[PDB]
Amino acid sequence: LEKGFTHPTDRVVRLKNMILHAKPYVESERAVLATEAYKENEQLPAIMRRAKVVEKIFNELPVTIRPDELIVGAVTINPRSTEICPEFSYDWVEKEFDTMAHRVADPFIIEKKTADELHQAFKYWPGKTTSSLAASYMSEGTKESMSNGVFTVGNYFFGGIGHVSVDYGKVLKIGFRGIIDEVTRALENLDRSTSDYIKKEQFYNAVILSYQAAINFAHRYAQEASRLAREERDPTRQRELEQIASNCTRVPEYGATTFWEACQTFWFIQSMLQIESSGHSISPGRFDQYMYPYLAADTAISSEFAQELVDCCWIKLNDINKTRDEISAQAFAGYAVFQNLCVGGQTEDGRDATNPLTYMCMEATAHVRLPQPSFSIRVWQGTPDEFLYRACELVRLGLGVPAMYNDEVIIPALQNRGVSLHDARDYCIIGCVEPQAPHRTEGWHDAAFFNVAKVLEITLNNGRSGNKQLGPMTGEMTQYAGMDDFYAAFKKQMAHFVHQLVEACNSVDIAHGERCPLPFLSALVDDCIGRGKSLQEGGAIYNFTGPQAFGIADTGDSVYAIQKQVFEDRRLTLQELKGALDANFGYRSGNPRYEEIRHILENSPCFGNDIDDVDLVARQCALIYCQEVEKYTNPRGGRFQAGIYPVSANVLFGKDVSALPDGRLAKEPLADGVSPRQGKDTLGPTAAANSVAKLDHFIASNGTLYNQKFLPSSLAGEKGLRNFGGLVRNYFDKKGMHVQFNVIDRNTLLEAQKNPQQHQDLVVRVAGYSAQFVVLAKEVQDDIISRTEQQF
């Protein structure tokens, strides 16, 4: 059960190190072309304008094929660089012209020719962003709440949406000409009796015009592959390019007939989508399922060469990059675009879905060892031991991937939200940990972060934050009688802020629906073509909005600490807990009663130790959150659904919370997702796993996230892997939704800190994705080093 990994070809390693060495830039071509496309087409409906944006970008964005590539397609000229998408938001880019190359998290080079031309185009945009329109639909108190860091909807307000697994399989089989046929045939069968055929007809005419330029983009890479073949001196590389040219002339305009073609089809879809919009989490989904039929009917390709194309695709998935404002960028830190590819799991009928491309994807990860993709596996009851005990063997490489997702919790959870058993069985994972029925969902799976710790802070402070009346006056802390009177005030505060959070999410939603529906993306999700409506107008079968709680373990161990240390053991007064909270447990003041109260509170039973009383409080606070969220609906007919996952913002939004009744000093990091709090699960990985499984994962149907970290030597040998497999299975059997493990010594991370030059390829999990450790700001690195170390 201990099988080892093969090596990649010298080209793959060359292709890899190109990603690894490359310095990221901001680039202006797409922002200039896009801008000029809005200028020329003020008079069209938003859909037809957006078709003109992609037609001009596809027709004119520089074509770039890199030395040694087999799969081709590049969003920027320079590897790992970013375009600028000012249709969503701009001003923060021009503010950081001079600072973005020197900033802490995710720095980018902005050289002056680029700032000059990005400066020009930005003169068009003031108040024409989707963000500025989303800003205007918001109530005043909702901005105020977001300003005091209760919650934020920055992801889709600053940037695009994305967060979708499109119908890769459809384009592989009928092509772009196939999509166009389905739209011309829909266009003939329009009911033209009422008024509402007119906007539909506009959608269709947009979708067709986008795919006619989405064809010309492929062709337009094809002529540059021939151009490079006629001018190439190595005869063998000449023939690679002549046939790369042949691959791009057929796909994706038509269906794939080789594997090579099928791999190139995948990449144009994956790449072109992130040109139309800067939405990240364009997640390839079940790429072992919809890419395998093309491998099996390739009776010409060899084993080695198939694996090399899977390695190339992996490396191209790392070519995408995306800049955010100095502060947003610390929450998605690592040049991360969160493109999630799951292998394994069930077919829609019930059989296991393992196939030979499942293991080659597992090999490709072990070949490339880069942060993308967000490689994942699906676990269900019939999962072959050979599969789990091979994903495990891969995990022990200490890249963080695969993350593991549980069919037996996610599938019933998707059903609770109106997903059919047939569609739930086909689920993929989006971005970090969020499940959807692929190519039939507008997910909005990271619309917002929401800081439940901050709601506890405010709850205790009578609706106040700072000295600013931010929430309802639900009683002063010193006037609670029991925990009943707490959960009363806490539920009221939760209904206030969740209602505000929803207003913010729906405002960004109306915004995107009204100023920037996508005619390209929309044709690759059911049911936009049949319904003649964009994803942004509710075109998908299933519609959701996913806001993220965190500070969950924090809120819990805190609410329990008040229960135990004030009401049950009577070891302090409510007034003393107030005075201690206010004084930051006397951190500056050196007040020793407030340190003695801290010490008491630090040593309360903690969520994460298989202790029912404290685990049930973590569960109840998690529920209070998740239950408010699901009451509310979005403008596309869909229902909000809670998730608990921290991207890299648990250090960031930790700064928004004062000292909590669990002994946490003001402004320190918060708990990552549903992980037990940093270093406070002390009895080992099963005790930890058991506690996390007591949370209602089913109701948090936008996905939960659990982080464990192992030292390597505790996963060495075959009874290393046998225990690592029995813990996954124990956790999933006890109804937990997800777990992903770091496997790394702490001196490794410490030497990564002191000597960054010699750890450029050290890749580890942050949360729901992996990153290069040295790209992470030190406060984040320390949070990762502070996470508990599990031992068998």
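Residue numbers run from 1 along the displayed sequence.
Relative to its counterpart among 184 to 192 and 709 to 717, 709 to 717 has the higher mean temperature factor, C-alpha atoms as listed in the PDB entry. Relative to one another, 344 to 352 and 644 to 652 have unequal mean CA B-factors, and 344 to 352 is the one with the higher figure. In this structure the maximum Cα B-factor among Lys128, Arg80, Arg531, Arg464 is found at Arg464.
In this entry, the residue among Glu87, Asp446, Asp509, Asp613 with the greatest C-alpha B factor is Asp613. Annotation for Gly398: C-alpha temperature factor in the middle third relative to the rest of the modelled chain, per the entry.
Sorting the modelled residues of the chain by their CA temperature factor places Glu60 in the middle third. Among all modelled residues in its chain, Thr9 ranks in the middle third by Cα B-factor. Ranked against the other modelled residues of its chain, the C-alpha B-factor of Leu750 as given in the entry falls in the highest third.
For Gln781, the recorded CA B-factor ranks within the middle third of the chain. Only modelled residues enter the ranking.
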